[PDB]
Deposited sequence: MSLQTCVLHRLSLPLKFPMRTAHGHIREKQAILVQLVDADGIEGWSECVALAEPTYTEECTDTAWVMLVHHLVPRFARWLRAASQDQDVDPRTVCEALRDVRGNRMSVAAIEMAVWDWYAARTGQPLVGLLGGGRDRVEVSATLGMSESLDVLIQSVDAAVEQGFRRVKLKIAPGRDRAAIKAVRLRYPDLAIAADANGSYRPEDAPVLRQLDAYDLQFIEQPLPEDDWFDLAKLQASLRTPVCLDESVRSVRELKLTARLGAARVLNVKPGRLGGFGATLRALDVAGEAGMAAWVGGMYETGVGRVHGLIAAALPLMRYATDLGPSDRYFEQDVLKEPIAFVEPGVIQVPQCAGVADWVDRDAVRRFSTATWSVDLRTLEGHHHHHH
């Protein structure tokens, strides 16, 4: 008996404005979806599209009109044709190409609502066994090795269980060697941001000595055949992030043996059902995965942490505590470490009771709603 869909557009000041090409990003623009049934029971979710289409093609502005004028009307029409199963929600959105982050916002709000409605932990409905998740810190490159080392020192001293070092041609082996020299037992992964070419196979192979968890995006996006050849020659798992947009590119990856680890963003995949399907494909291929982040508000952070509880999510998540992102977030209690470098998996039956509604009112720049029966 879902009755209302309310879209909230928010701007939250970032604690640590991020550098871009021509300036800086100081606010997180996010869209929260709030679903309300006839009895007042709610489910919420966050569309993770970023303000500018620099990381994927969706951005807050285009997500907003996609929800308002296309996906919400479709969802309402589908509702008006017979209790609701959150596993079937994407059937309403059958005919829509891409727009997976806008689609995810609807689909995840419906799961969140259904957890609230049934009073069952959302993580339990999805099949998440893990009770706590380890968290990684990402470290930028530095021309100075001493500066890189200090950044690792500071991370380890803040509790972190994994570090992920950015690397690139001429700025890889020296750094990783010096880090592994200093911390023989630390989990270290590397992120190459597509800076290597197939000729660099021997350099990457050289890194096998350091027992990296994975090397993320070694080659340009869509160098699929080159990637499959490169992974065949490396003992270290290749990890893909933006190269795998959908369950399809995942099947391509599996068939070619092009990578062994996935950076999963449930919103980018199109929601919880899509994440579960991806983990099925991945598990059958003998791959493993971890949850990456999109500097989410606490609503999306909660859902990401729940996804990180899923069995195949064997590596550390990039989702840190709220206070690494925002001075003030949208939850009554911020997400925080429960042990150094470790976060408790959210056991809420839906996030709604955890939302600070005064904080959502204050950060809102626009609101739009519709009666789903109309």
| query | finding |
| --- | --- |
| Ranges of the deposited sequence (numbered from 1) for which no C-alpha atom is modelled | 1, 84-87, 380-388 |
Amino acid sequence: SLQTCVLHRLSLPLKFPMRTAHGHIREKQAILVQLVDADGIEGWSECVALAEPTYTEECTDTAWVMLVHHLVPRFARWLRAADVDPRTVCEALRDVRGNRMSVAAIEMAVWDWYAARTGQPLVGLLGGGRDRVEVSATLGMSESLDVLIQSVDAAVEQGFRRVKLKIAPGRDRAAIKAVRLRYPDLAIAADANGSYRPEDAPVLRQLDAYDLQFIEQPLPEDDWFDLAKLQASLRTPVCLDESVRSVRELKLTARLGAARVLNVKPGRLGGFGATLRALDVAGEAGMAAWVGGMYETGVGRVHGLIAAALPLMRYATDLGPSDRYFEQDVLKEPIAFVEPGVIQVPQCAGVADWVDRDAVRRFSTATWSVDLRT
From here on, numbers count along this sequence of modelled residues.
| query | finding |
| --- | --- |
| Of 334-342 and 302-310, the one with larger mean CA B-factor | 334-342 |
| Stretch with the greater mean C-alpha B-factor as recorded in the entry, comparing 107-115 against 172-180 | 172-180 |
| Out of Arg277, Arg77, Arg87, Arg100, highest CA B-factor residue | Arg77 |
| Candidate residues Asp200, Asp222, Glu134, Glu216, the one whose C-alpha B factor the record puts highest | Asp222 |
| Entry-reported Cα temperature factor of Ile149, expressed as the chain third it lands in | highest |
| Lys229 - Cα temperature factor, lowest/middle/highest third of chain | middle |
| For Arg9, the third of its chain into which the C-alpha B factor falls | lowest |
| Third assignment of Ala359 from its chain's C-alpha B-factors | middle |
| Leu250, C-alpha B-factor rank within chain (lowest, middle or highest third) | highest |
